[PDB]
Number of protein chains: 2
Amino acid sequence: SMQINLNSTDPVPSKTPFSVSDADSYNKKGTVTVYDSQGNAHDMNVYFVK
Amino acid sequence: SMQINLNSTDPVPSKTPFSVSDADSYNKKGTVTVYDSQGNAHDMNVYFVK
């Protein structure tokens, strides 16, 4: 679960389309660490774009 | 609510009707910041013209 709050007046990103390398291509980046069957950590990166 | 003081000696502007850009076209300008449902800041300009 990821509870987030977003500012309504944030502008739409100018850099289309979404790119992992380009930070300006997304509004927000977050990270949540999940675990698999053998316990190895996967750093799920979640990108929010308007 | 808006509590303002109005002076009886203020003349009627010569450049009728009211013009937002023309300073001589209005007698008093005030600004009130309100919030909509999502809470964005809206600057209502209230103009008192005799």
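- The name given to chain A in the PDB entry is Flagellar hook protein FlgE.
- In the PDB, the structure is listed with the title "Cryo-EM structure of the distal rod-hook within the flagellar motor-hook complex in the CW state".

1. A closer look at the environment of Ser37 of chain A
All names here are of chain A.
And step 1. When you line up the elements, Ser37 lands in the loop between strand 1 (28-35) and strand 2 (41-48).
And step 2. What makes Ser37 exposed here is its relative accessible area of 78%.
And step 3. A C-alpha to C-alpha distance of 37 Å links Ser37 and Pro13, two positions 24 residues apart in sequence.

2. A short note on the pairing of strand 2 (residues 41-48) of chain B
All names here are of chain B.
And step 1. Where strand 1 (residues 28-35) and strand 2 come together, eight bridges link them in antiparallel fashion. Of the residues in strand 2, the one forming a bridge with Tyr35 is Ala41.
And step 2. The loop that links strand 1 with its antiparallel partner strand 2 comprises five residues; one of these, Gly39, has a positive phi angle of about 90°.

Parameters at a glance
Residues numbered from 1 in each chain as written, not as in the entry; some residues may be left out. Chains lettered and ligands numbered in written order. Part of a larger assembly, values for the part shown. Heavy atoms only, no water. Helix = DSSP H or I, 4+ residues; strand = E, 2+ residues; numbered from the N terminus. Buried < 20%, exposed > 50% of the residue type's maximum accessible area, 1.4 Å probe, protein only. Pairing = 2+ DSSP bridges.

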